[PDB]
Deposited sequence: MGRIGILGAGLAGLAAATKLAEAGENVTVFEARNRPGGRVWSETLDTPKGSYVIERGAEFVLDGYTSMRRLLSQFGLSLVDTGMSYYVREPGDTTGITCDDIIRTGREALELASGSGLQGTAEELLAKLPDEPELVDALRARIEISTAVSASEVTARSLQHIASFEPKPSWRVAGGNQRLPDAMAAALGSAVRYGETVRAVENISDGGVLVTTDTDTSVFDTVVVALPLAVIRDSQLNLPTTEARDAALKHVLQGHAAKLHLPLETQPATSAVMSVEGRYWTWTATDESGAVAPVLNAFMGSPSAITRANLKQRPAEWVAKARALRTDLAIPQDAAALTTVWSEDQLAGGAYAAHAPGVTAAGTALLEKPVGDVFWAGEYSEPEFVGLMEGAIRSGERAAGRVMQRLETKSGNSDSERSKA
């Protein structure tokens, strides 16, 4: 009755936790030496002391009811974050007024006022993390918390409860269905055998040519409409507690914010998120990272950034175990194609943020997807027996 789960992100850990509770025997393969995947919490030293920062996923939003259930069971608390003018809203209203096609095709229909149109384009590109020329126009249609002590405390606790079932330092390279039943999971070192497997790997990993996973023409047809969002997290220390804030940069395609932690004080950390691959390339975070600090300092003259400060950068696009930040939708995504993506191929099931139909791309979606896959696996094992 052996189940193999590939990836110890929220999707894989949620699948494994539900299967463990059902009394099944699970093994979780994780390439990193930590759980959580794109949930990754660390501390940043500042002149006021050390503060938790989110190098990946940050905000728990309204409606994250599966994650809230898990936080309750693992004893973890949510902390309120405490967080040109309006012309972008009106311009987006005119935009809608004019859901087929791409956002850019709709922006092209607006009166040709380029700085204002580009301000709206930037808002779209930051949040969808893709070019406006590729994302569905339906994205134009579109209070917060963080986990006390770091969002990664949740996957940390889920993994800890699975104990020796979680196998770190294991890089999956192939997954093969066997005709008479069962699955072979091959890492860089050796192969294991399972009755069923849940692939809970990133979108970019399951589409990577360096891995041999089960595929079908129907899946390939649905996957081609799922875009890879790209984003980088950036953090700077501050010399004193600021007000809470949220301030966007049009030219840089990034957002900055300052937020309260469990103490009730606003942490002296400038948090930042840059979205869309062309923005990250224009920023040149790897080569000349003082440039972005200079831009951030100019954007946020109200914040006291030390003069010799260097940004902490987390460019998930360059991590072969992530390959981007989250999924986005091209115009051609359908509910039926999205549903297809979680159906098994042989005895190989699937979970991840990219196949969630409502909370697409979010921590809540990864959890919900993992828990759906666990339910499908339990039906398959009931069948095999």
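In this entry, the deposited residues absent from the coordinate set span 1, 85-90, 106-117, 162-168, 412-421.
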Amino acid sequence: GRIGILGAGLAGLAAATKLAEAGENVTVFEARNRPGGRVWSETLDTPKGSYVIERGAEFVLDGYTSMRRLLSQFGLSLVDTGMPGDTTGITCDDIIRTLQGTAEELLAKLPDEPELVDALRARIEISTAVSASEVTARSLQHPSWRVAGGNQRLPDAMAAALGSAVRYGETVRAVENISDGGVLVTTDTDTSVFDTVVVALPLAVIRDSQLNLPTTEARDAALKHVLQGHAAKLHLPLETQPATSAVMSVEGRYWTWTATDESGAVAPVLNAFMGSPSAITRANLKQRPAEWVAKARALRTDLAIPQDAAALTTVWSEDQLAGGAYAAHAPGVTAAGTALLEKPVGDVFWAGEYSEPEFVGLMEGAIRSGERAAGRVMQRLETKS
From here on, numbers count along this sequence of modelled residues.
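Between 284-292 and 217-225, the higher mean Cα B-factor belongs to 284-292. Stretches 247-255 and 234-242 differ in mean C-alpha B factor, with the higher average recorded for 234-242. The entry assigns its greatest Cα B factor, within the set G275, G169, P202, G85, to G85. Taking the deposited Cα B-factors for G101, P155, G150, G163, the highest one is held by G101.
Ranked within its chain, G23 lands in the highest third, by CA B factor from the PDB record. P357 sits in the highest third of its chain by CA B factor, as recorded in the PDB entry.
Per the deposited record, the Cα B-factor of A8 falls in the lowest third when ranked against the other modelled residues of its chain. Among all modelled residues in this chain, the alpha-carbon of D62 has a temperature factor (C-alpha) in the highest third. When the CA B factors of the chain's modelled residues are split into thirds, the value for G323 lands in the middle one.
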